[PDB]
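So you can see what is in the structure, the chains are spelled out below.
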Amino acid sequence: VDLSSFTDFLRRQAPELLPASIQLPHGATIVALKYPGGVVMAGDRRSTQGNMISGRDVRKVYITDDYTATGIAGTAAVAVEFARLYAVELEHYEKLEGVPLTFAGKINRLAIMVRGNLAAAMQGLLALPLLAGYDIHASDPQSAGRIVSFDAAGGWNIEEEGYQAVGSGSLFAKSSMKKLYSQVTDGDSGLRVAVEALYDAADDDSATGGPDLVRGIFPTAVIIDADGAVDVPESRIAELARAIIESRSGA
Amino acid sequence: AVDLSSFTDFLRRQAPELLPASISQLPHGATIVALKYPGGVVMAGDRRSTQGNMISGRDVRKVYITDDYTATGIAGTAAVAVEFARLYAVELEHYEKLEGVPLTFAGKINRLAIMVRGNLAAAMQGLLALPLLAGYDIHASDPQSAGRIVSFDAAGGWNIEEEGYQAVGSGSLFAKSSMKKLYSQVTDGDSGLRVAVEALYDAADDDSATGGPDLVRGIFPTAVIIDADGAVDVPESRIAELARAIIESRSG
Amino acid sequence: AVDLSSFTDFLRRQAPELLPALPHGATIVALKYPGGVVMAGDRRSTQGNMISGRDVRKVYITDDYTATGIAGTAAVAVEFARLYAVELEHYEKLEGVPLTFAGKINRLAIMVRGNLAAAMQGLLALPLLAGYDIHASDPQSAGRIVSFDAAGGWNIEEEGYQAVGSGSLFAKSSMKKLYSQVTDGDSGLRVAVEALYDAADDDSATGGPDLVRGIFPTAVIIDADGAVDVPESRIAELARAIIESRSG
Amino acid sequence: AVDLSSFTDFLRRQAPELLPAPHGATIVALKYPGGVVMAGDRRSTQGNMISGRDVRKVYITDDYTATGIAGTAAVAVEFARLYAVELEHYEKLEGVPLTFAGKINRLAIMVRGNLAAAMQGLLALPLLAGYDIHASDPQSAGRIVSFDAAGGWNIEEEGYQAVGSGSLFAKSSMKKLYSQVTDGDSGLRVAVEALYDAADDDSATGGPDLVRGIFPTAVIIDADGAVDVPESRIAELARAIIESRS
Amino acid sequence: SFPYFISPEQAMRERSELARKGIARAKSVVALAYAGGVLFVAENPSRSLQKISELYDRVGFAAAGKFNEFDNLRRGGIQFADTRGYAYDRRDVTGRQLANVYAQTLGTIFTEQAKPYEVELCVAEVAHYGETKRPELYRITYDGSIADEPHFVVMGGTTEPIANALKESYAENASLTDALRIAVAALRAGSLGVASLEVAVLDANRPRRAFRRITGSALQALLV
Amino acid sequence: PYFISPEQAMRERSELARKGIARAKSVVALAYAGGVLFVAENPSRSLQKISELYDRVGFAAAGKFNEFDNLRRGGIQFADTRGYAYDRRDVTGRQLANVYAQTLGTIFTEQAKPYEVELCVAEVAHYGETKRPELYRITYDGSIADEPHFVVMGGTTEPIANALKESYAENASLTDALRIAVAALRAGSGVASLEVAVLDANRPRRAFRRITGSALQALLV
Amino acid sequence: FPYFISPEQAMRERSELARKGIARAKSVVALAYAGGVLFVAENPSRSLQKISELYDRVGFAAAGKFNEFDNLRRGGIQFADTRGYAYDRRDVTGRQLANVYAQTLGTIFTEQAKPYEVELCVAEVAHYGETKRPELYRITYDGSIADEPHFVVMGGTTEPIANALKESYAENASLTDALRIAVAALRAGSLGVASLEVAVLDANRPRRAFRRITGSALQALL
Amino acid sequence: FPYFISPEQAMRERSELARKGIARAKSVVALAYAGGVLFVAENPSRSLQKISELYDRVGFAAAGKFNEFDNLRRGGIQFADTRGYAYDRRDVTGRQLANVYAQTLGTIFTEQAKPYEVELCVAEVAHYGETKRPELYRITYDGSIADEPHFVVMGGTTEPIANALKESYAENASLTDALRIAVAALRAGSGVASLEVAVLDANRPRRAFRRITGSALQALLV
């Protein structure tokens with residue numbers, strides 16, 4: 001049988017290109033939440049090997065097609081490869097079939113890539129992805145946004161709570177959003193609450209780096225609404241960071 | 001090579017990557033119950049998922065209608081359970097389209113048993129999936145005794161319940177002991193469905209891995225009832241009503 | 001199959017045994033100076049506490065605009081540089097055009113990733129890649145430094161310098177202080193030779209400049225005119241400057 | 001598939017049974033102007049017992065190269081005959097001998113392909129000595145190449161090298177005696193002395209047996225090719241050293 | 001040893017003819033769009049052997065030719081659709097894809113097998129419950145040629161007459177009864193009762209599985 | 001059977017192929033200021049003859065559909081795979097064409113029936129670069145041609161070929177180019193009957209774009 | 001059915017089939033000169049090469065069906081790179097690459113469906129600083145191999161081009177003069193940059209001898 | 001129109017196809033002498049050998065299509081090296097190499113699409129110090145094997161060369177006398193840069209094979 005799967009093709013012809021199976025830099029926190037007519041996703045920039053900081057500019061959130069982005073937390077090499085591979089997989093099906101995969105198909109395809117890595121993940125090469133998307137074919141535009149998390153066995157879940165996080169600081173980030181969520185009423189307030197949850201995670205977890213004002217490195221974010229997925233510009237985030245920081249001091 | 005008209009065999013032969021088996025801390029934990037009422041069978045499951053002591057999910061659906069006269073509820077690793085429910089329904093409908101006629105009830109059982117058994121290696125390594133099958137047999141001589149409940153052990157051994165009820169999952173002992181006392185009260189789909197929601201209530205009471213009715217978020221167990229007219233999803237509201245009834249009885 | 005035009009592939013299928021499989025320990029540094037990049041490495045090899053080599057070359061020009069320095073077991077490292085150079089030239093001859101910088105990085109990452117199983121058993125090779133990219137818009141910003149983790153993950157340095165090997169922490173801390181002094185290839189070369197001096201000072205596995213035998217770090221500099229080996233004498237004289245300046 | 005005119009590949013493909021798959025010896029090698037010399041002891045031990053006293057461990061492998069192998073005696077001997085056939089096989093198929101660099105690379109592949117076995121005791125650590133005719137300077141033409149267990153090879157700039165159980169003693173001795181090397185004869189004396197010193201401090205290395213008349217074996221190689229040194233020229237040199245020691 | 005070669009042109013004509021004839025000797029089938037969605041009518045005396053089947057949720061299949069050969073293709077299409085719907089989602093399976101596959105398959109059998117397939121087939125797809133999409137019909141020849149039909153498809157036996165009769169009387173968005181009558185009449189030109197008919201529809205008004213067989217008494221009601 | 005020799009076997013298949021192409025709908029691809037334009041006569045609404053291969057690389061074919069869809073799919077696999085193993089910028093039209101040549105060349109030689117197809121691989125420059133579009137035509141034979149301004153394949157070409165030769169203009173506006181193409185297409189002989197798309201240099205990443213319905217109708221206006 | 005096809009009737013037909021394809025293609029000439037080896041081929045296209053580098057001091061030129069000789073170019077590059085890697089770059093020779101092509105074409109001729117409609121030349125200049133007479137080899141579709149002392153001609157109709165060259169060949173000719181002679185010979189068969197593909201194996205270059213002479217410089221040389 | 005000959009015919013066609021190809025190639029002679037064995041072949045090329053060393057005291061000479069006999073030269077070298085390794089160098093004989101070539105050609109003849117257009121000679125001199133009559137074997141394309149007492153001739157038109165040899169054969173001839181006789185025999189069939197000379201020297205301690213070239217070859221003729 002033929003599945004127009006770049007990955008399935010790769011396995012038959014090019015196993016070497018695959019991530020494969022059988023300390024490496026890791027440690028990232030990634031959040032995602034739904035706002036009316038939109039979804040936003042953001043991730044920190046740190047990478048650690050044990051106690052040493054190995055990276056401070058790492059991008060972990062990538063737009064994977066016009067209506068979706070993936071954030072991968074875990075081993076950095078694996079996460080980055082997963083991000084590149086999945087995007088090719090998605091555009092490959094579109095070119096072969098002339099039509100993009102349904103949202104549910106995109107999820108299922110990501111789940112198979114995750115699940116097929118469980119062995120490797122047991123050995124430390126973990127990649128736990130978070131998927132954010134807006135569904136055009138969804139019945140209601142306001143409720144279009146989607147957030148999906150994956151457990152290491154490929155099990156996927158579409159959150160109905162409205163927000164989700166993954167990575168070493170994910171518990172902190174989630175508890176923070178639990179309090180801040182009611183304040184989200186539009187893309188800007190949701191983008192504020194996301195950067196704050198990531199701030200809170202960096203506060204309690206040494207593996208998650210918070211905003212570096214000396215070097216000017218900040219979390220990266222992507223927002224997606226009916227007009228597609230767009231990288232949030234650095235300066236809009238920096239401005240949101242200083243607001244939160246300033247606000248944590250006194251004024 | 002013989003064509004068994006098996007979707008699973010085809011994958012095993014043609015596309016293994018798709019195969020659920022990943023033999024080589026995951027979200028798991030659920031309690032699923034099933035009982036027989038005259039001319040009927042009902043099945044219900046909780047909505048919680050846990051990773052260690054943390055609650056990983058509170059909306060999980062674990063009971064699925066798999067064809068017009070059967071449903072399956074799976075307890076174990078969540079990813080695995082969902083995969084099985086999806087895979088088995090395809091396997092059933094695939095045979096029907098290829099052969100123009102649905103499998104006999106015994107054939108459906110046998111097919112599920114082979115899928116379970118072929119997962120033993122993985123389940124030894126924690127990827128467990130313990131299914132419970134509820135069905136109505138059209139070809140049964142008597143309509144009243146048509147309903148069927150089948151359980152599977154991890155090696156694929158299957159058993160049909162002459163007792164009238166069964167449960168699987170982390171709170172299954174509690175649920176079973178509860179139904180043992182409440183069963184005599186079952187006379188129809190409605191009383192049958194109450195008893196089931198109560199057994200699941202009792203399971204949630206004594207097992208922290210099984211979640212009971214969440215009145216704050218309005219999340220309740222999911223159920224499916226199956227009689228001669230086929231399998232139907234019980235509407236949330238009918239269950240919420242039943243829950244509150246028991247809850248008030250429990251307190252007063 | 002599918003042809004990638006990769007010599008590693010065909011070599012593997014036709015002659016896998018030609019493929020690479022204890023001496024180890026080295027410090028390799030690299031930094032960016034405007035319109036340039038420089039890379040240098042020490043000459044020591046050790047087996048336990050014994051010094052097994054004192055002339056080892058660990059930095060190689062791999063094509064006209066790139067060099068690689070490899071840290072880890074020397075046997076794994078020496079071969080690796082050769083194989084990667086052939087891989088690069090092989091694609092150019094088959095396709096008549098050299099690989100884009102991003103493609104050269106990807107090919108190298110794959111070689112490294114393939115070697116992870118063997119790296120878990122000791123045949124570890126951690127490479128550092130330095131290149132000048134003509135296709136990049138700014139000549140000053142043309143220089144590139146790329147590091148690889150054992151799983152093949154690669155990272156491009158926006159820091160300005162990087163190091164790998166047993167004395168890499170010392171070298172990096174040293175450059176962190178000396179970097180502001182780089183303003184051209186000559187100062188950049190000084191800072192690199194100094195960072196390696198500092199690494200040899202605190203790590204017995206890194207050898208510093210041997211004035212008795214006259215063996216010094218080897219270096220390569222790369223700008224818009226291509227990659228050139230720095231001549232020994234210029235390094236020796238930059239070493240004595242540093243030494244003289246420390247005894248002072 | 002690509003042909004490499006390698007006897008070894010042929011064996012792997014069609015005669016794997018033939019391929020290879022008692023230890024402790026000392027072997028030395030040094031460069032003298034216009035020449036290289038290589039020598040090895042004759043002892044073989046199994047634990048504390050002396051299993052052999054006549055063992056030859058240095059072999060001329062072609063007109064301009066010799067190899068000395070340290071480790072299990074059987075593995076070492078099999079390796080040398082195989083390497084010599086591999087070298088002459090390429091010459092007959094291509095009509096031209098391999099370049100020195102190619103001969104090194106070929107030995108490295110044979111060594112490396114034995115790494116799993118070496119981890120399990122069938123360790124063969126070779127030392128290669130050769131004179132490169134194509135080399136630009138005749139005086140510096142001679143080459144010494146050592147191999148680590150993984151096949152890593154290194155050409156020797158220090159001017160001398162040793163391998164085997166007494167190799168540290170032999171190396172430290174040459175470190176002092178090297179400046180006295182000015183020609184093949186002095187170079188050969190320094191070699192037999194380094195081996196004498198190794199035998200003095202390592203029980204696995206046997207030194208000159210004057211009762212049975214067994215002495216190290218040596219090979220010298222200059223522009224006129226590789227040649228076995230005659231026993232008597234070595235025995236002589238041995239006696240001089242013993243007398244000098246007093 | 002050394003290779004030989006055969007005339008390409010001569011083989012094609014005999015092979016193409018071997019097929020043209022067989023399909024001609026076969027019973028006939030028609031498929032046409034209607035308000036209800038898609039209707040399938042085939043002349044079929046046998047009660048056990050189908051010529052019209054369900055492939056997937058909203059995708060139907062009809063064929064004419066040698067039974068063992070198209071049953072074979074029916075099976076493989078069901079394997080292909082079930083597989084793709086499992087690897088992605090049910091909603092990703094399309095009539096266009098199943099057709100494209102059959103084209104590739106017949107195309108290869110035609111070129112590489114000892115005897116080409118004496119079959120002609122139709123893949124039809126109605127819209128998903130609630131959507132509003134024009135029904136799609138595809139015709140795939142033994143040759144492997146594929147056609148995009150707007151209103152109806154005819155295959156098996158003599159089709160010039162049947163296609164024409166339909167052309168003369170086809171009306172878009174017809175009631176089910178009207179469509180059935182039109183189909184029966186077209187079949188007559190090619191060559192009929194509940195006794196000798198095989199009828200089914202892809203009912204776009206069904207929640208999931210669109211495919212439904214109209215049999216016995218229900219069929220009798222439509223005819224009268 | 002009509003047992004034949006090396007030379008007529010090729011002669012026959014060669015014909016077998018030629019005829020098949022001759023009997024098919026036609027397609028034209030021509031250089032323009034916008035980059036490259038694709039126009040093909042195509043009645044069908046579901047079956048494409050013009051597709052995207054990679055970022056700045058387009059594909060157009062004429063002949064037997066199942067056979068060129070087959071080629072289209074393998075080209076997309078070859079491009080995706082090379083762009084993954086190296087970088088997206090290392091994938092070129094020249095390489096895709098070189099691959100198709102090798103493929104048709106082998107099918108022609110080793111298959112019972114040679115492919116009845118003719119294809120075009122087109123590449124525009126990358127966003128911001130300034131490079132002359134490239135067009136390649138690959139025959140069923142596997143022969144490859146480097147075309148400077150336009151390519152014509154399918155059915156009867158000479159008329160269509162000359163008509164364009166007579167009126168081709170470099171750096172033509174897209175609408176003008178479209179009109180010229182339709183006219184050339186007519187000589188060979190409608191929107192609901194046309195398949196049109198372009199490879200656009202202006203687009204940042206994916207050059208390919210299909211011009212459909214309203215917009216297309218508006219263009220002729 | 002104990003009958004067998006005719007081995008002789010196959011030989012002859014294949015042989016012809018090949019011969020015609022070659023005869024029907026563009027032409028190429030390779031000649032020794034002081035600079036080393038010069039390659040000139042009539043080639044209208046700008047993307048499709050007929051002259052390529054194989055290894056450091058080893059060049060390749062072919063005439064015939066493109067997909068078929070591009071195929072042989074690639075495999076020679078694989079064979080050379082692989083031998084250079086397993087031994088040393090200095091162990092790779094033109095003689096070896098030629099010997100390989102002979103074995104290959106020889107086998108395709110006898111076993112593949114259609115023989116290869118190609119004719120090729122493998123040329124090798126000396127290593128930087130050595131003084132060795134260039135070497136030219138021609139390999140036939142049949143797999144026959146020839147050792148050419150001064151020049152080689154392949155593709156289309158050769159006799160005219162061959163004789164003009166024989167009549168006009170000059171040993172150790174300056175590169176421009178040699179190029180003019182080569183082009184002169186090419187016309188004899190029956191010139192613009194737009195009409196040519198030129199390259200040379202340069203003894204002078206330190207490692208990679210091969211260099212393509214293109215555009216402006218080519219025009220100047222002409 | 002393609003033909004289907006029968007067994008008898010195929011047998012005769014292959015056989016002819018082979019015999020022609022051989023008759024149309026350069027010639028070679030090998031003759032016994034006190035010195036041992038001498039090999040002379042007309043060969044214009046300077047890179048392509050027709051005479052080679054197989055093992056210590058065993059030489060090889062061939063006539064026919066090059067890619068085909070180079071192929072057999074290589075395999076003989078593999079066979080000899082392998083047996084010498086598995087046992088001892090002294091266990092490898094000319095008789096064995098000949099026996100192998102017979103089996104090989106015999107099989108190619110019967111199973112390949114085309115037979116091998118080659119004829120060959122395997123010669124063996126005695127080991128250093130022994131006193132054994134040289135041995136010469138000729139192996140046909142057919143795979144037939146012949147035990148020749150004094151000389152062997154192969155390639156092109158033989159009868160003339162053969163008779164010239166029979167009429168002028170010298171036993172225990174000085175190397176020079178033998179060379180002159182060989183030249184006369186080769187002369188009848190049809191220079192120093194047109195000859196390939198080599199010999200198996202009984203006197204040499206191990207590798208008896210030696211090529212007589214240039215200057216040294218010049219003196220020997222006269």
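What comes next is a walk through the structure. (Residues numbered from 1 in each chain as written, not as in the entry; some residues may be left out. Chains lettered and ligands numbered in written order. Part of a larger assembly, values for the part shown. Heavy atoms only, no water.)

Re the overall build of chain H
Here is step 1 of the chain: Across its full length, chain H holds six helices and eleven strands.
Here is step 2 of the chain: In terms of its C-alpha atoms, chain H occupies a principal-axis envelope of roughly 60 × 45 × 30 Å.
Here is step 3 of the chain: Considering chain H as a whole, with its 222 residues, one finds that 54% of them fall into the buried category.
Here is step 4 of the chain: Counting only carbon and sulfur atoms, one obtains 51% of the accessible surface of chain H, whose full area is about 9,700 Å².
Here is step 5 of the chain: One way to put it: in chain H the 28 positive side-chain charges average out to a point 5 Å from where the 26 negative ones average out. (Helix = DSSP H or I, 4+ residues; strand = E, 2+ residues; numbered from the N terminus. Buried < 20%, exposed > 50% of the residue type's maximum accessible area, 1.4 Å probe, protein only. Areas by Shrake-Rupley, 256 points an atom, 1.4 Å probe, with all protein chains shown as cover. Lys, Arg positive; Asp, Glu negative; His and termini not counted. Charge placed at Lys NZ, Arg CZ, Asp CG, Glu CD.)

Examining the interface of chain D and chain H
Here is step 1 of the chain: On the side of chain H, 18 residues touch chain D, which itself brings 14 residues to the contact.
Here is step 2 of the chain: The contact between chain D and chain H buries some 1,500 Å² in all, and 49% of this surface belongs to carbon and sulfur atoms.
Here is step 3 of the chain: Put simply, chain D and chain H have six salt bridges between them.
Here is step 4 of the chain: Of the charged contacts in the structure, one is a salt bridge between H:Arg89 and D:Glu88, with a shortest N-O distance of 3.2 Å.
Here is step 5 of the chain: For the interface between chain D and chain H, the tally reads ten residue pairs in polar contact. (Contact = heavy atoms within 4.5 Å. Buried area = accessible area lost by both parts, 1.4 Å probe. Salt bridge = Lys/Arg side-chain N within 4 Å of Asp/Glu carboxyl O. Polar contact = N/O pair within 3.5 Å; in protein donor to acceptor, adjacent residues only side chain to side chain.)

As for the interface of chain H and chain G
One frequently used descriptor of interface size is the decrease in accessible area upon assembly of the parts.
Here is step 1 of the chain: Each side of the interface is counted separately: chain H has 26 residues, and chain G has 26 residues.
Here is step 2 of the chain: Here chain H and chain G share an interface that buries about 2,200 Å² over both sides, 53% of which is from carbon and sulfur atoms.
Here is step 3 of the chain: It is H:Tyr3, H:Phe4 and H:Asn67 in chain H that bury the most area against chain G; as a group they hold 21% of the surface buried on that side.
Here is step 4 of the chain: On the surface where chain H and chain G come into contact, there are one salt bridge.
Here is step 5 of the chain: Taking the shortest distance from any N to any O, the salt bridge between H:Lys65 and G:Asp142 comes out at 3.0 Å.
Here is step 6 of the chain: Linking chain H with chain G are ten residue pairs in polar contact, by the criterion used here.
Here is step 7 of the chain: When contributions to the side of chain H that touches chain G are tallied by element, the ones reaching two or more residues are β1 (4-5), α1 (7-23) and α2 (66-86) of chain H.
Here is step 8 of the chain: Considering every element that reaches the side of chain H that touches chain G, the biggest residue donor is α1(H), with six residues.
Here is step 9 of the chain: A class-by-class count of the residues in the side of chain H that touches chain G yields ten nonpolar, seven polar and nine charged. (Nonpolar A, V, L, I, M, F, W, Y, C, P; charged D, E, K, R; others polar.)

Structural notes on helix α5 (residues 175-189) of chain G
Residue and element names in this part refer to chain G.
Here is step 1 of the chain: Relative to the 21 Å expected for 15 residues at 1.5 Å per residue, α5 spans 21 Å between its end C-alpha atoms, a close match to the ideal helical length.
Here is step 2 of the chain: Among the residues making up α5, those that are buried are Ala178, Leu179, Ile181, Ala182, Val183, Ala185, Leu186 and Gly189.
Here is step 3 of the chain: Here the buried face of α5 lies against β2 (28-33), β3 (36-42), α4 (158-168), β10 (196-202) and α6 (215-221).
Here is step 4 of the chain: You can read the cap of α5 off the contacts: a side-chain oxygen lies 3.4 Å from the backbone nitrogen of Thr176, and it is on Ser174.
Here is step 5 of the chain: Directly beyond the C-terminal end of α5, a positive phi value near 130° is found at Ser190. (Expected span 1.5 Å × (residues − 1).)

Considering helix α3 (residues 95-112) of chain E
Here is step 1 of the chain: The end-to-end C-alpha separation of α3(E) is 26 Å, in line with the 26 Å expected for 18 residues at 1.5 Å each.
Here is step 2 of the chain: The buried fraction of α3(E) amounts to 14 of the 18 residues, a majority that puts the element mostly inside the structure.

Description of the pattern of salt bridges
Here is step 1 of the chain: What the rule picks out here adds up to 138 salt bridges over all chains.
Here is step 2 of the chain: A salt bridge links A:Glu91 to F:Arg206; its shortest N-O distance comes to 3.7 Å. Taken as a pair, A:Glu91 in helix α2 (residues 76-97) and F:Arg206 in the loop between β10 (194-200) and β11 (208-210) lie in two separate chains rather than in one.
Here is step 3 of the chain: Take A:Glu91: its relative accessible area is 12%, and that puts it in the buried class.
Here is step 4 of the chain: Of the residues examined, F:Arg206 reaches a relative accessible area of 24% and is grouped as partly exposed.
Here is step 5 of the chain: Between E:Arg209 and E:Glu54 there is a salt bridge; the shortest N-O distance is 2.9 Å. Summarising the burial analysis for this pair, E:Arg209 and E:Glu54 share the class buried.

Here we look at the side chain of D:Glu156
Residue and element names in this part refer to chain D.
Here is step 1 of the chain: Within the fold, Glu156 resides in the loop between β9 (153-155) and β10 (160-164).
Here is step 2 of the chain: Comment: no salt bridge for buried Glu156; closest opposite-charge side chain is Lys171, at 7.4 Å.
Here is step 3 of the chain: At 3.3 Å, the side chain of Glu156 and the side chain of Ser146 are in polar contact.
Here is step 4 of the chain: Residue contacts for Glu156: discarding those within four places in its chain leaves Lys31, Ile144, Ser146 and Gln161.

A few points about the environment of A:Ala201
Here is step 1 of the chain: Its location among the elements puts A:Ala201 in helix α6 (residues 187-204).
Here is step 2 of the chain: Leaving out residues up to four positions away in the same chain, A:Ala201 has contacts with A:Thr29, A:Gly169, A:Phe172, A:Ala173 and A:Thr208.

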